[PDB]
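Written below as structure tokens is the structure these notes are about.
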Ligand SMILES: Nc1ncnc2c1ncn2[C@H]1C[C@H](O)[C@@H](COP(=O)(O)OP(=O)(O)OP(=O)(O)O)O1
Ligand SMILES: Nc1ncnc2c1ncn2[C@H]1C[C@H](O)[C@@H](COP(=O)(O)OP(=O)(O)OP(=O)(O)O)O1
Ligand SMILES: Nc1ncnc2c1ncn2[C@H]1C[C@H](O)[C@@H](COP(=O)(O)OP(=O)(O)OP(=O)(O)O)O1
Ligand SMILES: Nc1ncnc2c1ncn2[C@H]1C[C@H](O)[C@@H](COP(=O)(O)OP(=O)(O)OP(=O)(O)O)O1
Ligand SMILES: Nc1ncnc2c1ncn2[C@H]1C[C@H](O)[C@@H](COP(=O)(O)OP(=O)(O)OP(=O)(O)O)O1
Ligand SMILES: Nc1ncnc2c1ncn2[C@H]1C[C@H](O)[C@@H](COP(=O)(O)OP(=O)(O)OP(=O)(O)O)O1
Ligand SMILES: [Mg+2]
Ligand SMILES: [Mg+2]
Ligand SMILES: [Mg+2]
Ligand SMILES: [Mg+2]
Ligand SMILES: [Zn+2]
Ligand SMILES: [Zn+2]
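Chains as they are written, first to last, in the deposited numbering: chain B, 14 to 111, 118 to 734; chain A, 8 to 133, 138 to 669, 676 to 696.
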């Protein structure tokens with residue numbers, strides 16, 4: 014290892030952190046450290062070490078290290094941190110021997132957190148430029164008042180990187196049943212109907228990879244155990260015919276049964292791994308959901324079991340938690356909910372999986388039907404289609420899509436209200452009109468698409484009906500077949516402005532938040548009659564919005580107590596994550612909001628401790644939730660550090676998450692899984708924005724218990 | 008007066024190694040001083056004393072080369088040692104100003120705002140998928156940024172059409188590499204991380220081929236060129252053997268002892284076919300950010316045992332059968348079959364049955380192309396399949412004396428517009444070699460730049476390549492990627508095109524029979540070979556002569572020359588340039604005549620990339636005729652591709668070469690199967 018020559022002459026040992034901490038001090042003079050800046054600095058620090066060993070062999074001087082640090086800062090295009098580092102380092106060199120320049124424009128004086136030349140994948144880097152062009156051109160395509168409201172922060176026009184630059188749609192339920200049945204053309208090949216479940220799960224992932232790049236939202240395989248089971252019956256028939264030729268007569272049925280079991284497991288094992296190797300143009304994996312649970316026969320049951328035990332096993336030899344696809348298990352009274360039900364053994368398997376992998380989320384078969392008019396898994400994260408029938412009276416769920424999302428900054432309306440609820444509704448009506456204009460423009464823009472733009476969607480069965488190149492894409496959107504999302508956020512903050520930080524026990528406060536949801540549902544019903552598309556109230560995931568709205572409102576209104584001071588906004592109608600109600604009180608409080616009109620999109624979370632050796636505690640919440648809420652997710656500490664074998668809940672810091680036992684943050688040797696919003700995420704692999712990270716750090720547990728499964732060893 | 012170590016060379020910012028020149032240091036210090044006070048003899052004495060301390064420190068801190076910023080660091084250091092704080096302040100301020108402005112030429116936010124507003128150009132060509144439409148804007152930005160990053164004389168040469176700097180959409184904006192031979196054998200044996208999964212070694216051939224298609228997808232997004240699975244029948248065989256091992260174990264529990272061996276054999280043969288079927292269909296459903304299928308190749312043929320033979324047959328059987336119910340011809344991956352005397356060449360050879368199958372496949376489809384095992388060894392120093400289209404690695408032993416082929420890559424291509432040089436000569440070969448020497452130097456500056464650019468890549472920019480085995484050795488995040496490029500490990504491509512047009516300028520249309528006309532074209536290849544060998548000794552990367560594929564480059568050079576020189580007879584009047592050294596496409600020599608004429612050019616030094624095309628009417632639907640060409644080619648050329656298959660109209664059921678359809682006139686690509694070579 015190379016030694017370092019100090020300025021006085023003595024030789025010290027190469028301490029790599031002296032480079033990082035130097036760069037850190039220069040960055041902190043511009044803006045406080047964040048998880049995103051942390052990985053940016055660590056990547057730049059690695060390049061410095063690389064250049065040092067590439068340009069020097071036995072020793073290196075201090076000023077030689079300084080010239081590499083400044084050189085690598087300019088090679089990474091970090092002009093703001095470089096200007097600070099160079100001026101300070103130069104000032105100290107002049108002082109030891111006895118500002119220097121200004122060369123950065125207003126837009127380069129800020130640290131760009133989502134752009135790391137030394138850390139990002141190539142396709143991530145090039146797609147970044149496509150998104151900048153797309154957003155810039157897209158802002159001029161919008162109606163100017165809609166574009167102005169987005170820029171100010173009154174509303175949020177979602178997915179500007181993709182829409183309206185392209186007439187892309189949002190999310191959808193892929194009609195896998197129709198596609199796999201008749202075959203389809205994908206890429207250069209036009210495959211035929213699969214003759215086994217292995218070929219079927221292979222075609223599914225290839226369909227997902229294609230759908231993921233024809234739309235800016237997620238996609239779901241609804242009732243996968245049911246449409247996959249016929250292809251697993253082909254496997255049984257195969258193995259049964261093979262048993263006639265080779266196997267003893269007394270063993271032919273056990274042979275075909277045992278081989279088909281392994282085939283089903285291998286097919287779902289392939290679906291798990293292949294989805295985790297797929298990626299869109301930005302380098303990130305596709306946002307995918309698998310829904311299952313309503314199958315009853317042996318093949319449908321085995322597919323359910325194989326999905327869960329694959330997720331339980333984990334990815335690779337380290338058995339890491341699979342973040343994608345999202346698994347959604349359907350609970351149904353009489354099928355798997357009661358201990359006497361035939362599929363109850365699968366419910367106990369899904370309970371084991373949720374205590375080890377957080378997934379699966381659970382749907383209430385009946386409550387979903389009541390809230391949304393029919394049963395289906397949510398499109399992507401949490402978007403629900405409403406009950407809809409075709410011209411022949413046939414119920415149609417899979418094959419339907421969402422056309423776009425626009426979200427209202429509700430806390431802003433409360434902060435502009437100055438404690439006057441009459442002024443709140445006055446501003447609320449104005450903001451609703453802007454959102455209506457934005458949503459109508461989205462519908463017009465998506466209708467300008469052509470079947471040739473996304474053949475997998477419009478021509479080969481993903482949207483249910485196959486169109487010709489001459490047909491209009493609106494044929495699959497009109498008559499309320501497609502949905503349009505009117506989003507919102509921060510009902511807690513809206514109530515805190517008028518009723519204080521402990522309004523949850525105030526009925527008049529609760530009524531206010533419920534009347535806001537009903538008002539949005541009322542307008543959506545009116546818009547749905549005006550334009551004959553299904554507008555619905557959507558509980559927007561706070562993955563990026565919680566930071567953007569809180570950041571823009573802090574500039575406009577300052578540090579408002581309980582609102583902007585915490586640096587995040589509470590998601591939709593959710594309970595204040597800082598308070599600690601029981602999971603039973605939480606679901607009883609929140610259940611009123613989807614019933615009031617928030618049915619276009621919704622979810623419920625609960626924070627548990629380590630539940631791996633206590634699944635019945637989780638089962639009491641699922642059973643309690645069946646009659647009250649439709650979509651329930653389970654959060655439980657399932658992190659793991661592979662340096663000291665610690666398992667539990669990592670301690671959040673200003674830079675991300677570190678091991679509570681040894682302080683390890685290296686994502687190569689830690690498995691940190693947190694619920695971003697609906698989906699799970701790896702905050703050590705892809706760090707979240709500061710606001711999203713603050714909201715995650717503010718979450719308290721809802722039932723007592725230990726957040727440590729394995730304490731770890733002393734290193 | 009201190010003398011610099013003569014073993015030290017200055018590495019310019021664009022990668023060029025130049026002679027050390029202490030006057031460059033003195034003049035720099037002088038320019039900073041003149042901004043403060045006029046020069047005086049007393050100041051000169053101080054400035055040349057400082058320059059001496061700079062050269063002494065250089066000799067004290069570096070042994071072989073030194074970068075520009077390392078010299079500047081010493082200049083600023085010694086200025087502060089000499090207590091010339093006024094000069095040092097002016098020098099640092101000016102040097103830092105130029106360093107920032109130089110980095111801002113790679114900034115997107117500056118140029119994207121200009122692209123959408125005022126001065127930057129968008130339409131620069133002289138497509139329905141959304142990801143294609145979004146990728147167009149990424150390439151517009153990349154080409155606009157890339158042109159400002161290149162050395163100015165390289166950019167001017169490219170825009171004028173004197174050279175072609177390949178893949179401006181991707182490099183130098185990103186430090187991406189070009190093509191490679193993926194080291195599948197190392198990845199599959201030791202496991203690897205891909206996406207979010209740290210997968211283990213495959214326990215079956217079905218899992219092996221599934222991991223291959225996913226590796227290919229991830230590699231295809233980490234580079235702008237093709238990738239190749241070399242000797243796929245051989246490294247897949249150990250995984251097909253695992254299928255046999257577990258089938259024989261199941262046979263012991265379910266099958267009677269008399270049938271146990273036949274059970275494991277039959278099931279394993281089916282598993283092999285199913286696995287290769289998946290590889291075929293999964294490759295065709297892959298796509299890069301532009302929506303196109305990644306260019307991929309499978310090389311196979313040298314396997315001998317039962318498992319290797321079955322993998323070869325399965326590959327050819329799947330390709331023969333076609334894609335889908337209509338049995339369309341699969342264009343990707345390219346199949347490259349290895350002929351070898353004693354293994355499958357002559358009718359008595361053990362694998363001759365596979366050659367017969369390959370001949371049937373190449374006739375009914377287009378692929379497999381064939382490689383002469385012996386000729387490739389003679390031309391490239393060792394045996395390996397071409398990376399991507401036709402890029403060949405040279406024979407290379409690693410630091411442990413082991414021959415390495417898979418895991419190596421090409422760093423970029425720059426193609427000389429040779430027909431233009433001939434037209435600029437005005438009939439005088441003396442001016443040709445004069446202009447040829449100049450264009451040669453410009454291409455050298457561009458290739459040196461590409462190597463310097465790809466070395467800026469970090470392992471984290473492409474973990475599948477640098478960290479998880481695609482390039483052989485696995486690097487850490489704090490290592491340099493150059494470890495996998497240097498010591499001639501990676502190749503650099505010097506391209507050319509249009510030897511027919513060049514000779515025709517000085518010798519007329521029918522020069523092929525002129526002995527001195529061919530000697531001239533062969534001297535052009537030899538001049539390129541010798542230059543590349545010299546560049547390889549200078550920079551320690553393998554520069555090689557590359558017969559650039561025509562693609563769209565043959566239209567860019569011809570279109571730009573038509574604007575510059577007009578309609579020249581036999582040159583630009585046909586609206587295309589003949590590829591590299593190939594025989595005139597308008598002339599119709601026999602396959603044996605064509606191969607005898609063309610074999611000299613790889614032998615002359617065009618070995619970094621080459622292929623031989625034969626399009627003879629007798630070869631259509633005639634496996635016997637094709638075998639005559641393969642056999643004749645084995646001892647003469649190294650890489651041969653035969654006829655394209657008949658274009659099929661699925662309506663009206665016509666077969667021919669047609676675009677429209679002679680029997681009806683259909684143009685719908687859904688009911689039409691047209692097969693063309695990508696390169
Ligand atoms: N042991 C070391 N290993 C690697 N880099 C080092 C080491 N010590 C110092 N550096 C580098 C990192 C910075 O680029 C540069 C200045 O860092 P700094 O910690 O202030 O060093 P220093 O020698 O001035 O120490 P101090 O300020 O504590 O006296 O020196
Ligand atoms: N306030 C700051 N602004 C910008 N960069 C800073 C700041 N503080 C520290 N740094 C960076 C640049 C310094 O070279 C490096 C090491 O810090 P420091 O020890 O203060 O400086 P130094 O090593 O140049 O001088 P010295 O050791 O003589 O104090 O950290
Ligand atoms: N891995 C794959 N990915 C995508 N398509 C595939 C894959 N393997 C096969 N296909 C295509 C080829 C056919 O057009 C269609 C049916 O495949 P498959 O179920 O393997 O039937 P098959 O006709 O090859 O019969 P079998 O495998 O049962 O002998 O799917
Ligand atoms: N051949 C060389 N020998 C020694 N030092 C050199 C050489 N070329 C450049 N330098 C050093 C001297 C200065 O400290 C620094 C910048 O000098 P300069 O002549 O402007 O280089 P350059 O590569 O930027 O060229 P130019 O500005 O002419 O294009 O580089
Ligand atoms: N006007 C000046 N004031 C101060 N120092 C100067 C001035 N002109 C030149 N120098 C010094 C510092 C420069 O690094 C060095 C070489 O000059 P110059 O080639 O113009 O700069 P450079 O090499 O940093 O940039 P460029 O990228 O344009 O080559 O001489
Ligand atoms: N279709 C697939 N695509 C990608 N990786 C896969 C796929 N199937 C399995 N893998 C991964 C999982 C393991 O880490 C590794 C080995 O897979 P595999 O050979 O199926 O082993 P295994 O442990 O599942 O045993 P077996 O299949 O014999 O029961 O590859
Ligand atoms: Mg210091
Ligand atoms: Mg397996
Ligand atoms: Mg200069
Ligand atoms: Mg098959
Ligand atoms: Zn630890
Ligand atoms: Zn026809």
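Just so you know, even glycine gets a beta-carbon here, dropped at the ideal spot from N, CA and C.
- Cβ neighbours of residue 418 of chain A within its own chain (closer than 6 Å, five residues either side excluded): 194, 482, 483.
- Annotation for residue 677 of chain B: the continuous beta strand (DSSP E) segment containing it runs 675 to 677.
- Within its own chain, no residue has a Cβ closer than 6 Å to the Cβ of residue 151 of chain B once the five positions on either side in sequence are excluded.
- Boundaries of the beta strand (DSSP E) around residue 209 of chain B: 208 to 210.
- A residue is called buried when at least 16 other Cβ atoms come within 10 angstroms of its Cβ; residue 474 of chain B meets this threshold and is buried.
- Rounded to whole angstroms, residue 571 of chain B and residue 431 of chain B show a C-alpha spacing of 9 Å.
- Annotation note: the segment 648 to 694 of chain B contains the following uninterrupted beta strand (DSSP E) runs of length 3 or greater, listed N- to C-terminal: 650 to 654, 658 to 660, 670 to 672, 675 to 677.
- For residue 372 of chain B, the enclosing alpha helix (DSSP H) begins and ends at 363 to 376.
- At the C-beta level, residue 680 of chain A and residue 689 of chain A stay beyond 7 Å of one another.
- Secondary structure note for residue 118 of chain A: it is in no beta strand (DSSP E), and the uninterrupted alpha helix (DSSP H) holding it is 115 to 123.
- For residue 626 of chain B, the uninterrupted beta strand (DSSP E) run begins and ends at 623 to 626, by DSSP.
- Under the DSSP assignment, residue 28 of chain B falls outside any alpha helix (DSSP H); it carries neither an H nor an E label.
- Counting only heavy atoms of ligand 4, the residues whose C-beta sits closer than 7 Å to one of them are, along the chain, A/17, A/19, A/20, A/25, A/26, A/27, A/28, A/29, A/31, A/32, A/34, A/35, A/75, A/78, A/79, A/82.
- Counting only residues of its own chain and dropping the five nearest sequence neighbours on each side, residue 235 of chain B has a CB closer than 6 Å to the CB of 178, 181, 187.
- When Cβ-Cβ separations below 7 Å define contact, residue 84 of chain A makes contact with chain B.
- Burial is judged here by how many other beta carbons sit within 10 angstroms of a residue's own beta carbon; residue 145 of chain A has at least 16 and is buried.
- Under the three-state reduction of DSSP output, residue 414 of chain A falls in the strand class.
- In the DSSP annotation of this structure, the continuous segment of the beta strand (DSSP E) that includes residue 309 of chain A starts and ends at 307 to 311.
- Take residue 103 of chain B, set aside five residues on each side of it, and the residues of its chain with a beta-carbon closer than 7 Å to its own are 119, in chain order.
- Residue contact check for residue 481 of chain A against chain B: no CB pair falls below 7 Å.
- Taking the beta carbon of residue 225 of chain A as reference, the chain B residues within 9 Å of it are 292, 293, 296, 297, listed in sequence order.
- Interface with chain B (7 Å Cβ-Cβ cutoff): residue 335 of chain A is included.
- What you get when you keep residues with a C-beta closer than 6 Å to any heavy atom of ligand 12 is A/660, A/662, A/663, A/665, A/678, A/680, A/681, A/683.
- In this structure, the beta-carbon distance from residue 54 of chain B to residue 32 of chain B does not fall below 7 Å.
- A direct Cα-to-Cα measurement between residue 493 of chain A and residue 455 of chain A gives close to 19 Å.
- Here the distance from the Cβ of residue 215 of chain B to the nearest heavy atom of ligand 6 is not below 6 Å.
- In the three-state scheme derived from DSSP, where H, G and I count as helix and E and B as strand, residue 232 of chain A is classed as helix.
- Shortest gap from the CB of residue 105 of chain A to any heavy atom of ligand 5: under 6 Å.
- Residues 186, 188, 422 of the same chain have their beta carbon placed closer than 6 Å to that of residue 465 of chain A, with the five preceding and five following residues left out of the count.
- Here residue 530 of chain B is exposed, its C-beta having fewer than 16 other C-beta atoms within 10 Å.
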